[PDB]
Structure formats: structure tokens, C-alpha cells
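Listed below, chain by chain, are the residues.
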Amino acid sequence: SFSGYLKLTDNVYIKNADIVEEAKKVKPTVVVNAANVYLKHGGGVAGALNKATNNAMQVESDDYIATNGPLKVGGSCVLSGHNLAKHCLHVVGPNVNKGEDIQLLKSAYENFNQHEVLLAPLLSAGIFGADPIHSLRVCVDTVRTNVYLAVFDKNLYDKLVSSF
Ligand SMILES: O=C(O)[C@H](CC1CC1)Nc1ncnc2[nH]ccc12
């Protein structure tokens, strides 16, 4: 049910869209969240996804952290997708604004390989501070499963496609 995506490689597709609106439209099996190790969904994609679940994603995440402790940078956990998807794969990319190692971005994308198809944002882009052109390159060179990338910013989408 994904539509209006531009094909980049055999398995990677991209579209200028709000991932929350895309998730409500498609109801994918897996939506990826650009999480931090604490699953504190304050801003960016995480804040937007959480707000669409009426804060149910934050309640569930806090119970997960209380039981298991924080995730590793480069790591992930599968939780409920609530009203947006069957599951939400919370993936932690490196936040270069917090001094985290950019080499962990490839480890972050490797988490996508455990799922046949995913709706996702560019990891470590936005307020995580990494170069989005670099993040898209790591994605197509690491992910082997079917990934549908939603890029919110129009000007960034245009730059990604024209420079790919
Ligand atoms: O549009 C995106 O998908 C990303 C992540 C954002 C949606 C959470 N935005 C950006 N990423 C990197 N640099 C940027 N400069 C201006 C916008 C921008």
C-alpha cells in the first residue's frame, strides 16, 4: 500500500512526506522511530510519532526502560505500533550533537535487516545532527530489506534525490 515513492535502488524507495501521515495512511507492519537510548520521545520524529499515539507510545516505552534499562547507541527494540503500525522498531542512531560516534550509524541501519518491509525516517538526520546525504548513503549500502523512506523537508528531499 505504499504509493508515490521514487525508486533509488532495488530495495530502497524515498518520498517527501510526514512519516506520521504516511503511517496513518498505509498502516505498515513496521514503522521505525528515530529513538534515543532512554526512549524519551520529545521532539523530531519521536515526538511526532508519540503525539499521534496520544502519548501511549511514551507510556509503553517508560515501562520497557523500567524493566530493561536503556538501549545501546546503534541498538533497537520492537514495541507496539499503536494506531500507526502493527509494530514500532525504535532504532537509536548516533546523535552527533551529543558527541556520539558517527561510525555507529551503519550498526543502527543493520537493525532494519530483521524486518521484510519498513516505513522509516533517515537515521541521525534532523536534530541528531548528521549529514542526511551521508545517512542515505549508509542506508542503501547497509539495508537489504524493503525500506520506504519518508523525508519531511521538501528542500532536503530535492537535494537528496538530485545528489544520489
Ligand atoms: O526532513 C527530514 O526528514 C529531516 C529530519 C527531520 C524530520 C525530523 N530534516 C532535516 N535533516 C537534516 N538537516 C535538515 N536541515 C533542514 C531540515 C533537515
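Residues numbered from 1 in each chain as written, not as in the entry; some residues may be left out. Heavy atoms only, no water.

In its metadata, the entry names X-ray crystallography as the structure determination method and reports 1.43 Å as the resolution.

What follows deals with the site of the ligand. Near the ligand you find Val-45, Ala-125, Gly-126, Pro-132, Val-151, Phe-152, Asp-153 and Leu-156, and these make up its full shell. Contacts to the ligand include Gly-126, whose backbone N or O atom sits 2.9 Å from a nitrogen atom. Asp-153 is positioned with one of its backbone polar atoms (N or O) 2.9 Å from an oxygen atom of the ligand. Starting from 430 Å² of accessible surface for the ligand in isolation, the protein chains cover 64%. Classifying every residue of the shell around the ligand by side-chain character gives six nonpolar, one polar and one charged. (Near = heavy atom within 4 Å. Polar contact = N/O pair within 3.5 Å; in protein donor to acceptor, adjacent residues only side chain to side chain. Areas by Shrake-Rupley, 256 points an atom, 1.4 Å probe, with all protein chains shown as cover. Nonpolar A, V, L, I, M, F, W, Y, C, P; charged D, E, K, R; others polar.)

The subject of this paragraph is the packing of helix α1 (residues 19-26) against helix α2 (residues 44-52). Here α1 crosses α2 at 40 degrees, and the two axes come no closer than 9 Å. As the angle between them shows, α1 and α2 are arranged oblique. On α2, the residues touching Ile-19, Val-20 and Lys-24 of α1 are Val-45, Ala-48, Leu-49 and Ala-52. (Axes fitted to C-alpha atoms, helices over the stretch in contact; angles between N-to-C directions. Helix = DSSP H or I, 4+ residues; strand = E, 2+ residues; numbered from the N terminus. Parallel < 35°, antiparallel > 145°, perpendicular 65-115°, else oblique. Contact = heavy atoms within 4.5 Å.)

On to the pattern of salt bridges, then. Evaluated as defined, the whole model comprises four salt bridges. In this structure, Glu-22 engages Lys-15 in a salt bridge whose closest nitrogen and oxygen atoms are separated by 3.0 Å. Grouping residues by exposure puts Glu-22 and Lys-15 together as buried. One salt bridge in this structure joins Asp-141 and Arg-137, with 2.9 Å as the shortest N-O distance. With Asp-141 and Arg-137 both in helix α5 (residues 132-142) and four residues apart, this pair spans about one turn of that helix. Exposure remark for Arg-137: the relative accessible area of 40% places this residue in the partly exposed category. (Salt bridge = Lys/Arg side-chain N within 4 Å of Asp/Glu carboxyl O. Buried < 20%, exposed > 50% of the residue type's maximum accessible area, 1.4 Å probe, protein only.)

On to unusual backbone geometry. Residue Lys-27 is not a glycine yet carries a positive backbone phi of 55 degrees. By secondary structure assignment, the location of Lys-27 is in the loop between α1 and β3 (30-34). Even without being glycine, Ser-124 reaches a positive phi, approximately 65 degrees. Position of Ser-124 relative to the elements: it lies in the loop between β6 (117-120) and α5.

The pairing of strand β4 (residues 76-80) with strand β5 (residues 87-91) spans five bridges and is antiparallel. Note on β5: the bridge partner recorded for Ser-76 is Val-91. Hairpin connection, β4 to β5: the antiparallel pair is bridged by six residues, and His-82 has positive phi, about 55 degrees. (Pairing = 2+ DSSP bridges.)

Ranked by size, the top nonpolar core spans 26 residues in total, and within it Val-32, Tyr-109, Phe-112, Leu-122, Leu-123, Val-147 and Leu-149 carry the most contacts. Going through the elements one at a time, β2 (12-16), β3, β5, α4 (104-110), β6, α5, β7 (146-151) and α6 (154-163) are the ones with two or more residues in this core. The leading source of residues in this core is α5, at four residues. Listed in part, the 14 residues of the second largest apolar core include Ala-23, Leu-49, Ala-85 and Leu-119. (Core = buried A, V, L, I, M, F, W, Y, C linked by side-chain atoms within 4.5 Å.)

Centre distance and the angle of the planes are the two values used to describe a pair of aromatic rings. Scanning the model with the defined rule gives five aromatic pairs in all. A ring pair is formed by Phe-2 and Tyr-5, whose centres lie 5.7 Å apart and whose planes are at 80 degrees; its orientation type is edge-to-face. Geometrically, the ring pair formed by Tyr-13 and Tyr-148 is stacked, given 5.3 Å between the ring centres and 15 degrees between the ring planes. Taken together, the residues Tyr-13 in strand β2 and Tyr-148 in strand β7 connect sequence positions 135 residues apart. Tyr-148 sits in the buried class, given a relative accessible area of 16%. (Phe/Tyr/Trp six-rings, centres within 6.5 Å; stacked < 30°, edge-to-face > 60°.)

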